[PDB]
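> Any chance you could fold what I've pasted below:
(one chain, ligands or ions: 3)
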Amino acid sequence: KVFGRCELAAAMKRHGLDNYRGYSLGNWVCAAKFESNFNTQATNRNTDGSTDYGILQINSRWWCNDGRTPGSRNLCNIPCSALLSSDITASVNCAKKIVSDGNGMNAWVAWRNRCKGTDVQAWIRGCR
Ligand SMILES: [Cl-]
Ligand SMILES: [Cl-]
Ligand code: NA
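Numbers count the residues shown, from 1 in each chain. Ligands and ions are numbered 1, 2, ... in the order given. Below, you will see the structure:
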């Protein structure tokens, strides 16, 4: 599923991401824009052989199982395919664990390089 911007904002807010760990909703929408272009089916291979999955590009090296990242962890206890569903519950629950682990949203490289320090409220402007 390719979410609309305001559609994703509403889903993220309903699942409790707005101000989670102090990160306002626009931070999460901006991160999703540049991680996946709002596409739940997005996948990208990393240099180390792990893969990033879903709207927030969660990495099989630590967070989910895809059966092809030898030596990785599965800290969210889910198959990586669950992060590609049109229903974003699994991705949000896993993102909550990631952002709680010490480095905040710096865990998302695209957030650090393209969202951090910018006017992230722009990403929820106009939405109901
Ligand atoms: Cl915001
Ligand atoms: Cl933080
Ligand atoms: Na894994």
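
> So which residues of the protein form helices?
Under the criterion DSSP state H, the chain carries helices at the ranges 5-14, 25-36, 89-99, 109-114.

> angle of the first one against helix 25-36?
Inter-element angle recorded for helix 5-14 and helix 25-36: 120 degrees (by axes from the mean of the first three to the mean of the last three C-alpha atoms, to 10 degrees).

> Is there proximity between helix 5-14 and ligand 1?
No: in terms of C-beta under 5 Å from the ion, no part of helix 5-14 sits within range of ligand 1; the closest distance is 9.1 Å. C-beta: built from backbone N, CA, C; applies to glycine.

> contacting residues for the residue positioned nearest the centre of the chain?
Nearest to the geometric centre of the chain sits residue 56, at 2.0 Å (C-alpha atoms, centre = their mean). Under the criterion of C-beta atoms under 8 Å, 6 or more residues apart in numbering, the contact list for residue 56 reads 28, 31-32, 35-36, 83, 91, 94-95, 108.

> same thing but 6 Å
Residue 56 makes contact with 32, 35, 91, 95, according to C-beta atoms under 6 Å, 6 or more residues apart in numbering.

> Look up how far residue 50 lies from it.
Look at residue 56 and residue 50: by C-beta to C-beta, to the nearest Å, they are 15 Å apart.

> And for the closest residue to ligand 1 within the chain, the neighbour number?
Using C-beta to the ion, residue 26 is the residue of the chain that sits closest to ligand 1, at 2.7 Å. Residue 26 has 20 neighbours, counted by other C-beta atoms under 10 Å.
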